[PDB]
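Below is one structure, written out as structure tokens; comments come after it.
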Amino acid sequence: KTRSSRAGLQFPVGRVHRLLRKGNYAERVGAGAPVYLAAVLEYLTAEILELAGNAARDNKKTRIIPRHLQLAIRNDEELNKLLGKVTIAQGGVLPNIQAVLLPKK
Amino acid sequence: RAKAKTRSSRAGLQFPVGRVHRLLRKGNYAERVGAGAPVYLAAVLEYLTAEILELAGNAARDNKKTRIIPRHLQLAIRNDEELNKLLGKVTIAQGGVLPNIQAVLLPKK
Amino acid sequence: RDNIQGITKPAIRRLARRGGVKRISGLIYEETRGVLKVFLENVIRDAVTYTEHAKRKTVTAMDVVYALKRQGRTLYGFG
Amino acid sequence: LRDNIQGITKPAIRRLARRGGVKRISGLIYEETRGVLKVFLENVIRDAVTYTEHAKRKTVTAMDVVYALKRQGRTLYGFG
Amino acid sequence: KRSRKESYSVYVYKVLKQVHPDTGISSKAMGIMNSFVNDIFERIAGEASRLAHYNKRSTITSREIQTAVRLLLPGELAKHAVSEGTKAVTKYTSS
Amino acid sequence: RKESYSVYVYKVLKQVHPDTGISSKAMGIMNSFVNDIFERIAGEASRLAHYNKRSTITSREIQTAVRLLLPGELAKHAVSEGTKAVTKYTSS
Amino acid sequence: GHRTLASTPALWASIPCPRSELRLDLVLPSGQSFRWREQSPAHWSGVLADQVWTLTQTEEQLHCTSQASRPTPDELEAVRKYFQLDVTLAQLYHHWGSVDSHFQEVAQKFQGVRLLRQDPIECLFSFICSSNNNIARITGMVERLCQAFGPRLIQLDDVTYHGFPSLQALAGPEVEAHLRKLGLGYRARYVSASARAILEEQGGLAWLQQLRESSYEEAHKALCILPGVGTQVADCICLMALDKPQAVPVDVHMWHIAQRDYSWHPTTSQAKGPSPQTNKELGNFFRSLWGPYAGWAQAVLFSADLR
Amino acid sequence: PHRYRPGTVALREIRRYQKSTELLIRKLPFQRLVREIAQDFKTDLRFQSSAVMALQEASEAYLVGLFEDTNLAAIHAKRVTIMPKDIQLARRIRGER
Amino acid sequence: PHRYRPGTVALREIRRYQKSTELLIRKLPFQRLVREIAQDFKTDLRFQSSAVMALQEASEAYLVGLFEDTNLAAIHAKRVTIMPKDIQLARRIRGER
DNA sequence: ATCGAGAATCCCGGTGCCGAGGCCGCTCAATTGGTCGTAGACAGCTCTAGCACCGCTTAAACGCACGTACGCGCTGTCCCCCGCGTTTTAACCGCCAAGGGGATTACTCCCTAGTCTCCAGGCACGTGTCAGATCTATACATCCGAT
DNA sequence: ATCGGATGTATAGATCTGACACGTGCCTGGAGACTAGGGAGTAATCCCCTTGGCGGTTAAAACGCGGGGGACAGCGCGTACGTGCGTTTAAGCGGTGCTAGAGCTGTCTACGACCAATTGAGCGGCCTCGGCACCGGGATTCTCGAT
């Protein structure tokens with residue numbers, strides 16, 4: 001019965017459809033538009049959460065914290081491009097040191 | 001019905017007010033638009049246009065050209081600090097670049 | 001009541017170290033204070049202006065997030 | 001059509017650098033800026049073609065290019 | 001006929017002559033001025049729409065445009081713009 | 001009565017990692033991320049509808065907005081997932 | 001070589017003419033005719049009535065000269081007609097001086113500036129080359145134009161004199177291209193184009209010659225049709241070749257003279273600077289100031305302004 | 001006694017603070033600085049705690065990004081030490097000023 | 001004879017191409033390049049001439065800005081020649097890399 | 001040019017502890033039916049501008065021959081920023097109070113959307129009226145290699 | 001600073017011309033004038049949450065050296081990149097011919113706005129316990145003199 005379940009999604013089709021109209025983005029809005037938007041949002045959330053879970057499990061932690069989110073975002077050259085101009089709060093930075101800095105051998 | 005007088009002249013303006021009001025209605029910016037908002041916005045637009053046109057006319061007079069070309073517009077934008085800040089991310093079509101050479105590159109005497 | 005000196009020398013070193021820096025010059029310790037002051041002025045200008053428009057007397061975090069988004073430096077974690 | 005990036009000759013790059021205030025030119029600058037121009041043109045043309053396809057058209061008008069440049073972050077005045 | 005396409009050309013010309021009564025302007029420059037005024041209109045209107053949504057409001061009054069001007073226009077440019085805009089609004093309210 | 005996507009992010013997290021949890025401190029970042037992506041997509045869809053003199057936001061508008069915003073490899077999967085979802089919704 | 005009054009005495013004939021009535025040095029090189037050269041000090045040589053002449057003047061006389069004898073009375077008449085000697089310059093200066101004190105001041109120092117009766121064809125094409133140019137250059141252009149397309153007359157020293165080109169010759173094939181190689185600039189076509197218009201559209205030579213009986217208004221109107229012949233050039237021709245003594249040229253020189261010597265400014269016109277109607281107005285101004293022979297008074301101040 | 005060669009301890013704490021996620025800046029001085037700056041725009045301004053926290057996070061994120069760019073400039077100039085020339089080059093090329 | 005020193009014919013034509021306002025790249029090669037690039041995204045596309053002109057003008061502006069930043073980076077390293085490393089340094093600082 | 005002393009950093013184990021997350025009531029927004037209005041999907045026709053070709057001119061790209069200025073490697077100096085020990089001071093951190101203002105409720109009143117005439121401001125289009133450019137020679141002014 | 005060649009600009013008895021300005025025909029979008037209802041302003045109020053304060057505590061900031069390693073200036077080399085001259089070349093312009101589809105109109109439909117009734121889901125609210133931070137002890141990694 002629910003438009004989320006009927007479309008095989010987990011994000012709320014009704015809530016996205018409300019936000020699409022209240023936000024008065026256009027005079028009218030289609031019926032497939034919120035379904036498509038909910039699907040895209042779900043896929044992006046799944047991508048982020050999957051990489052974050054992998055990063056958290058890499059550090060022997062079964063709880064996801066903003067550091068894991070920042071690591072997952074910066075470790076993918078597509079997702080970093082998508083979020084190039086934005087900061088994760090208390091996320092730290094990607095650990096790297098320029099080769100010149102490293103000690104002479 | 002009295003004599004027809006435009007809202008632009010009632011406010012002592014030159015940029016239109018009815019046109020701006022219609023555009024605000026038809027741009028889907030909000031459900032409702034106040035009466036004074038198009039007047040204000042038109043005033044801001046005309047002031048900005050007067051500023052850029054003053055600078056362009058000064059640049060044209062400096063170059064001994066009667067008519068204003070895109071080069072004068074671009075030079076006027078780049079010479080003024082505030083307009084350059086406002087239009088930093090904007091490219092002027094066939095406007096050219098501001099004449100400058102770094103001091104290091106210049107020859108030694 | 002000058003308070004820019006509250007950004008101490010060791011904290012500046014810590015920030016540079018997180019940036020991935022080996023050696024810092026002395027003049028940095030004032031140059032980056034000036035830069036931070038300029039950036040904070042730019043952001044708090046918009047934050048206070050939002051507060052004025054909203055006719056409040058408290059600067060909320062949501063106003064700061066809006067102000068940062070207006071400059072292209074969007075921040076996640078507060079709104 | 002193939003191998004058209006060589007149409008942007010070395011003197012064209014030299015003139016662009018001279019306009020950009022550059023005094024003297026190395027040798028690899030030409031290849032590097034051809035790569036940069038290819039990347040930038042790919043980025044803008046992808047969005048322009050996407051804009052055209054969304055309108056169910058086979059002609060890429062200047063308006064779509066302008067919109068694509070606005071999204072890219074150049075906001076080109078003049079055309080339209 | 002080629003449809004009613006609404007351009008700011010005449011208004012820009014009027015302002016130009018009220019500023020410098022003896023200088024012409026080329027078609028490329030009018031095109032650039034038209035794109036400029038459309039760009040600034042879209043920028044200010046979008047910012048004011050964002051303010052209207054933020055404050056959970058429903059209408060765009062004069063003061064949202066004022067706030068958008070103060071955000072977008074830098075410093076003394078915004079000062080002058082606000083001053084002349086309030087002059088125009090008071091003139092309009094005085095019929 | 002503020003509204004957030006925490007329930008849906010948690011459900012997606014259970015689908016992708018059945019035995020790992022998430023702190024609410026990062027769930028706030030999840031909310032601010034999905035809201036930001038929604039704003040960024042709907043903004044481009046609104047511009048598309050205004051560009052083509054249209055007044056309706058449809059699946060084509062959302063799909064083109066995705067194709068414009070997300071990069072190549074991510075956008076291909078986003079488009080495919082959206083197309084599958086709308087196809088299933090129409091079929092049912 | 002070129003004769004001189006002192007070297008070949010028995011080859012010169014005189015014409016009563018006081019320097020107050022004519023100053024060759026103030027007329028021949030002043031832009032009216034571009035065909036006279038002071039080959040020898042105080043001696044001017046050029047083509048007059050299809051033959052070469054050398055002219056030099058004493059206090060009360062105008063001395064004139066394969067000629068092997070002194071000029072005949074019939075030939076001397078050719079000279080009087082060229083300088084329109086029946087017109088008394090003293091009477092004109094008196095009148096202009098009486099109604100314009102500024103003219104009187106200038107006229108005291110520049111006596112003898114009169115106007116030359118001219119041939120329509122030579123005048124038309126010479127002034128078509130006068131436009132946007134300087135007298136020094138114009139003179140060269142006209143000389144090369146005559147050497148290339150005009151009849152060869154006689155040679156004195158290393159100078160070969162040529163008659164002025166005919167309409168048929170100027171209308172010939174590839175004339176434009178030749179004249180551009182001769183340095184006429186864009187005026188090259190003006191010459192080619194106008195020769196053809198006259199020959200193929202206006203009814204040939206007769207059309208230009210008939211203008212001398214037509215009215216100034218008509219004449220000026222007729223000339224403006226020809227390429228390279230706008231208002232200034234048309235007036236030059238009317239005044240110097242069509243007997244329209246009231247015709248006032250309005251070039252840069254007369255523009256400045258009006259401004260600094262009469263504090264003149266356009267009133268009926270729109271523009272404050274040179275334009276087709278301000279130029280037209282300036283002309284009427286001079287006409288109402290000096291009268292019927294206003295163009296001749298113009299010739300005096302123009303010559304004086306060159307100095 | 002035992003003295004570490006200079007630089008090795010300077011390469012240490014780079015790893016420590018890159019792995020770290022704290023704030024590296026004393027909270028009260030930053031709060032007082034924010035209030036001082038806000039005085040120039042309005043008197044008697046209140047701040048939520050989360051507002052000051054967000055301002056802090058944004059300021060240090062910006063500062064770390066700037067320091068990374070200046071570091072890239074410093075190695076680019078065949079140097080290891082940051083100089084104000086690097087701060088100004090990075091700010092100018094980024095388009096800030 | 002008559003030979004100019006290598007520093008002059010640079011600043012000459014630097015002044016020239018800063019005063020003048022041409023497009024600095026031949027139109028047809030750029031048109032063919034745009035066609036070839038657009039082939040990969042769609043086959044048998046037809047470009048409005050104004051679209052090609054707009055693409056050319058935008059590319060000129062972008063390349064001139066990049067060359068200004070490259071020159072600044074080169075001068076920072078005590079150099080007057082722009083090297084490729086300058087170009088990728090400028091791109092990295094601007095955020096394109 | 002490879003080993004021990006010494007910090008220093010993981011590995012592991014114990015030990016609290018305070019958010020993460022699972023139930024629970026619920027009430028307000030998602031869902032379902034049904035009606036009505038118009039945005040646009042689909043057809044169809046016009047014409048226009050984009051493409052394709054082709055001939056001719058000629059400014060511009062290419063290639064090769066110099067040669068001197070700049071990039072780069074190498075040395076030597078000195079200076080100023082590290083590492084580290086010692087002193088202080090001001091930030092953390094745990095309480096307390098306290099009242100200013102942000103959020104919420106309930107009137108209420110003007111302000112703008114909606115609609116219907118009604119007309120002139122602005123657009124389309126057709127003639128005047130020109131500012132820029134014009135070939136080339138010349139008179140200066142300005143810059144640059146060589147001194 | 002001086003001086004002779006290379007360039008660059010003003011100008012020269014005007015004229016033409018593609019672009020612009022302006023006049024005019026003509027409508028269609030802006031104005032005037034009404035209503036309607038609801039968005040926003042306003043008065044009252046309550047809690048909470050931000051401000052201000054105090055006292056203990058000690059982590060961290062300030063301060064002072066010793067020194068070494070890195071910035072910096074100088075200097076020589078060499079080569080490569082600027083500059084000039086002759087030789088292709090294909091860019092650009094003018095012209096012609098053709099048609100793909102850009103751009104309008106016309107019709108009708110089906111898709112979305114909208115309202116009434118219904119009901120379930122996802123939001124506060126509350127309580128538990130286990131993942132994780134911290135302390136401490138021990139194992140073992142990197143560094144920096146010894147040799």
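In the structure tokens, each chain is lettered A, B, ... as it comes, each chain's residues begin at 1, and ligands are numbered from 1 in order of appearance.
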DSSP says strand (DSSP E) for which residues of chain A? Put them as a PDB file with N, CA, C and O atoms, in the first residue's frame?
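states01.pdb, freshly written:
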```pdb
ATOM      1  N   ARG A  28       3.800  22.420 -11.039  1.00  0.00           N
ATOM      2  CA  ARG A  28       3.254  21.078 -10.936  1.00  0.00           C
ATOM      3  C   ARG A  28       4.420  20.107 -10.810  1.00  0.00           C
ATOM      4  O   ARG A  28       5.568  20.444 -11.117  1.00  0.00           O
ATOM      5  N   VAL A  29       4.131  18.888 -10.362  1.00  0.00           N
ATOM      6  CA  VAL A  29       5.154  17.863 -10.188  1.00  0.00           C
ATOM      7  C   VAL A  29       4.570  16.518 -10.599  1.00  0.00           C
ATOM      8  O   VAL A  29       3.394  16.234 -10.348  1.00  0.00           O
ATOM      9  N   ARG A  63      31.019   0.481  15.150  1.00  0.00           N
ATOM     10  CA  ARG A  63      30.167   1.659  15.226  1.00  0.00           C
ATOM     11  C   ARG A  63      30.736   2.714  14.293  1.00  0.00           C
ATOM     12  O   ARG A  63      31.946   2.954  14.292  1.00  0.00           O
ATOM     13  N   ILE A  64      29.869   3.335  13.503  1.00  0.00           N
ATOM     14  CA  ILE A  64      30.293   4.293  12.492  1.00  0.00           C
ATOM     15  C   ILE A  64      30.311   5.688  13.099  1.00  0.00           C
ATOM     16  O   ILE A  64      29.315   6.144  13.674  1.00  0.00           O
ATOM     17  N   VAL A  86      32.991  20.648   0.409  1.00  0.00           N
ATOM     18  CA  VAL A  86      32.226  20.565   1.644  1.00  0.00           C
ATOM     19  C   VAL A  86      33.061  19.883   2.722  1.00  0.00           C
ATOM     20  O   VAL A  86      33.951  19.076   2.432  1.00  0.00           O
ATOM     21  N   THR A  87      32.780  20.229   3.976  1.00  0.00           N
ATOM     22  CA  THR A  87      33.539  19.762   5.125  1.00  0.00           C
ATOM     23  C   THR A  87      32.677  18.863   6.003  1.00  0.00           C
ATOM     24  O   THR A  87      31.524  19.189   6.300  1.00  0.00           O
ATOM     25  N   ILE A  88      33.242  17.730   6.411  1.00  0.00           N
ATOM     26  CA  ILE A  88      32.637  16.871   7.423  1.00  0.00           C
ATOM     27  C   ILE A  88      33.120  17.343   8.786  1.00  0.00           C
ATOM     28  O   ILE A  88      34.328  17.407   9.036  1.00  0.00           O
TER      29      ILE A  88
END
```
Closest atom pairs, chain A residues within 9 Å of chain F, only C-alpha atoms, as JSON lines:
```
{"residue": "A:3", "atom": "CA", "partner": "F:89", "partner_atom": "CA", "distance": 8.0}
{"residue": "A:6", "atom": "CA", "partner": "F:89", "partner_atom": "CA", "distance": 6.1}
{"residue": "A:7", "atom": "CA", "partner": "F:89", "partner_atom": "CA", "distance": 4.5}
{"residue": "A:8", "atom": "CA", "partner": "F:85", "partner_atom": "CA", "distance": 6.7}
{"residue": "A:9", "atom": "CA", "partner": "F:85", "partner_atom": "CA", "distance": 7.5}
{"residue": "A:10", "atom": "CA", "partner": "F:8", "partner_atom": "CA", "distance": 6.3}
{"residue": "A:11", "atom": "CA", "partner": "F:8", "partner_atom": "CA", "distance": 5.7}
{"residue": "A:12", "atom": "CA", "partner": "F:8", "partner_atom": "CA", "distance": 7.8}
{"residue": "A:16", "atom": "CA", "partner": "F:38", "partner_atom": "CA", "distance": 8.6}
{"residue": "A:20", "atom": "CA", "partner": "F:42", "partner_atom": "CA", "distance": 7.4}
{"residue": "A:24", "atom": "CA", "partner": "F:46", "partner_atom": "CA", "distance": 8.9}
{"residue": "A:25", "atom": "CA", "partner": "F:46", "partner_atom": "CA", "distance": 5.1}
{"residue": "A:26", "atom": "CA", "partner": "F:55", "partner_atom": "CA", "distance": 5.7}
{"residue": "A:27", "atom": "CA", "partner": "F:55", "partner_atom": "CA", "distance": 5.3}
{"residue": "A:28", "atom": "CA", "partner": "F:56", "partner_atom": "CA", "distance": 4.4}
{"residue": "A:29", "atom": "CA", "partner": "F:57", "partner_atom": "CA", "distance": 4.4}
{"residue": "A:30", "atom": "CA", "partner": "F:58", "partner_atom": "CA", "distance": 4.6}
{"residue": "A:31", "atom": "CA", "partner": "F:58", "partner_atom": "CA", "distance": 7.1}
{"residue": "A:32", "atom": "CA", "partner": "F:59", "partner_atom": "CA", "distance": 5.3}
{"residue": "A:33", "atom": "CA", "partner": "F:59", "partner_atom": "CA", "distance": 4.4}
{"residue": "A:34", "atom": "CA", "partner": "F:59", "partner_atom": "CA", "distance": 8.1}
{"residue": "A:35", "atom": "CA", "partner": "F:86", "partner_atom": "CA", "distance": 6.1}
{"residue": "A:36", "atom": "CA", "partner": "F:82", "partner_atom": "CA", "distance": 4.6}
{"residue": "A:37", "atom": "CA", "partner": "F:62", "partner_atom": "CA", "distance": 6.7}
{"residue": "A:38", "atom": "CA", "partner": "F:82", "partner_atom": "CA", "distance": 8.0}
{"residue": "A:39", "atom": "CA", "partner": "F:82", "partner_atom": "CA", "distance": 5.1}
{"residue": "A:40", "atom": "CA", "partner": "F:78", "partner_atom": "CA", "distance": 5.4}
{"residue": "A:41", "atom": "CA", "partner": "F:34", "partner_atom": "CA", "distance": 6.6}
{"residue": "A:42", "atom": "CA", "partner": "F:12", "partner_atom": "CA", "distance": 7.4}
{"residue": "A:43", "atom": "CA", "partner": "F:78", "partner_atom": "CA", "distance": 6.6}
{"residue": "A:44", "atom": "CA", "partner": "F:78", "partner_atom": "CA", "distance": 7.7}
{"residue": "A:45", "atom": "CA", "partner": "F:9", "partner_atom": "CA", "distance": 6.9}
{"residue": "A:46", "atom": "CA", "partner": "F:12", "partner_atom": "CA", "distance": 6.0}
{"residue": "A:47", "atom": "CA", "partner": "F:16", "partner_atom": "CA", "distance": 8.9}
{"residue": "A:49", "atom": "CA", "partner": "F:13", "partner_atom": "CA", "distance": 6.1}
{"residue": "A:50", "atom": "CA", "partner": "F:16", "partner_atom": "CA", "distance": 5.9}
{"residue": "A:53", "atom": "CA", "partner": "F:17", "partner_atom": "CA", "distance": 6.9}
{"residue": "A:54", "atom": "CA", "partner": "F:17", "partner_atom": "CA", "distance": 9.0}
{"residue": "A:56", "atom": "CA", "partner": "F:20", "partner_atom": "CA", "distance": 8.8}
{"residue": "A:57", "atom": "CA", "partner": "F:20", "partner_atom": "CA", "distance": 8.4}
{"residue": "A:61", "atom": "CA", "partner": "F:20", "partner_atom": "CA", "distance": 8.6}
{"residue": "A:62", "atom": "CA", "partner": "F:20", "partner_atom": "CA", "distance": 5.0}
{"residue": "A:63", "atom": "CA", "partner": "F:21", "partner_atom": "CA", "distance": 4.8}
{"residue": "A:64", "atom": "CA", "partner": "F:22", "partner_atom": "CA", "distance": 4.5}
{"residue": "A:65", "atom": "CA", "partner": "F:26", "partner_atom": "CA", "distance": 5.5}
{"residue": "A:66", "atom": "CA", "partner": "F:26", "partner_atom": "CA", "distance": 5.2}
{"residue": "A:67", "atom": "CA", "partner": "F:26", "partner_atom": "CA", "distance": 8.9}
{"residue": "A:69", "atom": "CA", "partner": "F:26", "partner_atom": "CA", "distance": 7.8}
{"residue": "A:78", "atom": "CA", "partner": "F:71", "partner_atom": "CA", "distance": 6.6}
{"residue": "A:79", "atom": "CA", "partner": "F:74", "partner_atom": "CA", "distance": 8.1}
{"residue": "A:81", "atom": "CA", "partner": "F:71", "partner_atom": "CA", "distance": 7.7}
{"residue": "A:82", "atom": "CA", "partner": "F:70", "partner_atom": "CA", "distance": 6.5}
{"residue": "A:88", "atom": "CA", "partner": "F:29", "partner_atom": "CA", "distance": 7.7}
{"residue": "A:89", "atom": "CA", "partner": "F:29", "partner_atom": "CA", "distance": 8.3}
```
Contacts of segment 36-39 of chain B at 12 Å (only C-alpha atoms (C1' of nucleotides); same-chain gap of 3+ positions) as a ChimeraX atom specification:
/B:6-25,32-33,42-46 /E:41,44-45,48-49,59-69,84-95 /J:111-112
Within 10 Å of chain A, which residues belong to chain J? Use only C-alpha atoms (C1' of nucleotides) and report them as a short mmCIF file (atom, residue, chain, number, x, y, z; two decimals) with C-alpha atoms (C1' of nucleotides), in the first residue's frame.
```
data_model
loop_
_atom_site.label_atom_id
_atom_site.label_comp_id
_atom_site.auth_asym_id
_atom_site.auth_seq_id
_atom_site.Cartn_x
_atom_site.Cartn_y
_atom_site.Cartn_z
"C1'" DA J 20 22.37 3.21 20.74
"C1'" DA J 29 0.49 13.11 7.63
"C1'" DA J 30 0.55 9.22 3.79
"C1'" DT J 31 -2.99 6.59 1.18
"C1'" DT J 32 -7.26 5.80 -1.51
"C1'" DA J 39 0.01 20.97 -20.02
#
```
DSSP on the backbone: what in segment 32-92 of chain B comes out alpha helix (DSSP H), as an MDAnalysis selection string?
chainID B and resid 36:62 70:79 81:86
Between atom CA of residue 9 of chain H and atom CA of residue 17 of chain C, what distance in Å does the model show, to one decimal?
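A separation of 11.2 Å between them.
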Using atom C1' of residue 89 of chain J and atom CA of residue 18 of chain H as the two end points, give the distance in Å to one decimal.
28.8 Å
When you look at residue 58 of chain H with a cut-off of 12 Å (counting only C-alpha atoms (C1' of nucleotides)), what residues show up, excluding the ones that are within fewer than 4 positions of it in the same chain? I need them as a compact mmCIF listing (two decimals) with N, CA, C and O atoms, in the first residue's frame.
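This went into result_21.txt:
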```
# COMPACT_ATOMS: atom_id res chain seq x y z
N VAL A 86 32.99 20.65 0.41
CA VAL A 86 32.23 20.57 1.64
C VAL A 86 33.06 19.88 2.72
O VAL A 86 33.95 19.08 2.43
N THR A 87 32.78 20.23 3.98
CA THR A 87 33.54 19.76 5.13
C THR A 87 32.68 18.86 6.00
O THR A 87 31.52 19.19 6.30
N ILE A 88 33.24 17.73 6.41
CA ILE A 88 32.64 16.87 7.42
C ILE A 88 33.12 17.34 8.79
O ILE A 88 34.33 17.41 9.04
N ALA A 89 32.18 17.69 9.66
CA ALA A 89 32.54 18.16 10.99
C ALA A 89 33.16 17.03 11.81
O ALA A 89 32.73 15.88 11.73
N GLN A 90 34.17 17.39 12.61
CA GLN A 90 35.05 16.48 13.35
C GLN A 90 35.44 15.24 12.55
O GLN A 90 35.62 14.15 13.12
N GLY A 91 35.61 15.40 11.24
CA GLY A 91 36.00 14.29 10.39
C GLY A 91 37.48 14.12 10.19
O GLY A 91 37.91 13.11 9.64
N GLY A 92 38.28 15.09 10.63
CA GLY A 92 39.70 14.99 10.40
C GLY A 92 40.03 15.18 8.93
O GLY A 92 39.26 15.73 8.15
N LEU C 36 42.65 34.20 9.52
CA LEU C 36 41.53 33.68 10.29
C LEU C 36 40.58 34.80 10.69
O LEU C 36 39.36 34.62 10.66
N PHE C 39 38.52 35.67 7.57
CA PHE C 39 37.51 34.65 7.29
C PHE C 39 36.37 34.70 8.30
O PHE C 39 35.19 34.60 7.92
N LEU C 40 36.70 34.85 9.58
CA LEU C 40 35.66 34.92 10.61
C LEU C 40 34.81 36.17 10.44
O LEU C 40 33.59 36.11 10.65
N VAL C 43 32.36 35.43 7.57
CA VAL C 43 31.28 34.49 7.90
C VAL C 43 30.30 35.11 8.89
O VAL C 43 29.07 35.01 8.74
N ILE C 44 30.83 35.75 9.94
CA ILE C 44 29.97 36.31 10.98
C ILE C 44 29.17 37.50 10.45
O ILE C 44 28.08 37.78 10.94
N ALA C 61 23.14 28.06 15.32
CA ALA C 61 24.05 27.30 14.47
C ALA C 61 23.52 27.19 13.05
O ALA C 61 24.31 27.07 12.11
N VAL C 64 24.73 29.99 11.04
CA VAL C 64 26.13 29.79 10.67
C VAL C 64 26.25 28.82 9.50
O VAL C 64 27.04 29.03 8.58
N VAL C 65 25.47 27.73 9.53
CA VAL C 65 25.50 26.76 8.44
C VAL C 65 25.05 27.42 7.14
O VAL C 65 25.65 27.22 6.08
N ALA C 67 25.24 30.67 6.45
CA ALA C 67 26.27 31.62 6.03
C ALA C 67 27.43 30.91 5.34
O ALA C 67 27.95 31.39 4.33
N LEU C 68 27.84 29.77 5.89
CA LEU C 68 28.93 29.01 5.27
C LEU C 68 28.51 28.45 3.91
O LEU C 68 29.31 28.45 2.97
N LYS C 69 27.27 27.97 3.80
CA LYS C 69 26.79 27.47 2.51
C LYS C 69 26.73 28.59 1.48
O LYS C 69 26.96 28.36 0.29
N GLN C 71 28.82 30.89 1.06
CA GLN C 71 30.16 31.14 0.56
C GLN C 71 30.76 29.92 -0.14
O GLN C 71 31.92 29.98 -0.56
N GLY C 72 30.01 28.84 -0.27
CA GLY C 72 30.49 27.64 -0.92
C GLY C 72 31.17 26.64 0.00
O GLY C 72 31.50 25.54 -0.46
N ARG C 73 31.38 26.98 1.27
CA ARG C 73 31.99 26.07 2.23
C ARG C 73 30.88 25.46 3.08
O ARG C 73 30.71 25.79 4.26
N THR C 74 30.12 24.56 2.47
CA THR C 74 29.04 23.88 3.17
C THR C 74 29.60 23.03 4.30
O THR C 74 30.72 22.52 4.21
N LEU C 75 28.85 22.92 5.39
CA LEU C 75 29.28 22.18 6.58
C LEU C 75 28.21 21.16 6.94
O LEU C 75 27.03 21.51 7.03
N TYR C 76 28.62 19.91 7.15
CA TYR C 76 27.69 18.86 7.56
C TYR C 76 27.79 18.66 9.06
O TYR C 76 28.89 18.67 9.61
N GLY C 77 26.65 18.47 9.72
CA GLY C 77 26.67 18.06 11.11
C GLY C 77 25.79 18.87 12.03
O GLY C 77 25.61 18.51 13.20
N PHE C 78 25.22 19.96 11.53
CA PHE C 78 24.37 20.82 12.34
C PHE C 78 23.05 21.19 11.68
O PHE C 78 22.12 21.59 12.40
N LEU H 23 39.91 19.34 18.25
CA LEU H 23 39.77 20.67 17.69
C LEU H 23 41.05 21.50 17.71
O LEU H 23 41.09 22.54 17.06
N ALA H 51 26.45 27.05 17.68
CA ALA H 51 26.86 28.04 16.69
C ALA H 51 28.36 28.32 16.77
O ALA H 51 29.05 28.34 15.74
N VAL H 52 28.87 28.53 17.98
CA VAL H 52 30.30 28.73 18.17
C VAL H 52 31.06 27.47 17.75
O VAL H 52 32.13 27.55 17.14
N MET H 53 30.50 26.30 18.06
CA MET H 53 31.16 25.05 17.67
C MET H 53 31.27 24.92 16.16
O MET H 53 32.31 24.53 15.63
N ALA H 54 30.18 25.25 15.44
CA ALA H 54 30.19 25.17 13.98
C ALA H 54 31.15 26.19 13.38
O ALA H 54 31.86 25.88 12.41
N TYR H 62 38.92 25.31 7.11
CA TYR H 62 39.49 26.26 6.16
C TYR H 62 40.99 26.43 6.39
O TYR H 62 41.77 26.48 5.43
N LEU H 63 41.41 26.51 7.65
CA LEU H 63 42.82 26.73 7.95
C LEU H 63 43.67 25.53 7.54
O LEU H 63 44.77 25.70 7.01
N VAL H 64 43.17 24.32 7.77
CA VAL H 64 43.91 23.12 7.37
C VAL H 64 44.00 23.02 5.85
O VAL H 64 45.06 22.68 5.31
N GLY H 65 42.91 23.32 5.14
CA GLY H 65 42.99 23.34 3.69
C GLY H 65 43.99 24.36 3.17
O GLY H 65 44.77 24.08 2.26
```
With only C-alpha atoms considered, list every residue of chain F at most 7 Å from chain D, as JSON, numbers by chain.
{"F": [52, 64, 68]}
What is the distance, in Å and to one decimal place, between atom CA of residue 103 of chain B and atom CA of residue 89 of chain H?
15.7 Å
If we count only C-alpha atoms (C1' of nucleotides) and set the cut-off at 10 Å, which residues sit around residue 12 of chain E, ignoring sequence neighbours fewer than 6 positions away in its own chain? Please answer as a list in words.
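Selected residues are residues 14, 15, 46, 49, 50 and 53 of chain B; 18, 25, 30, 33, 34 and 37 of chain E.
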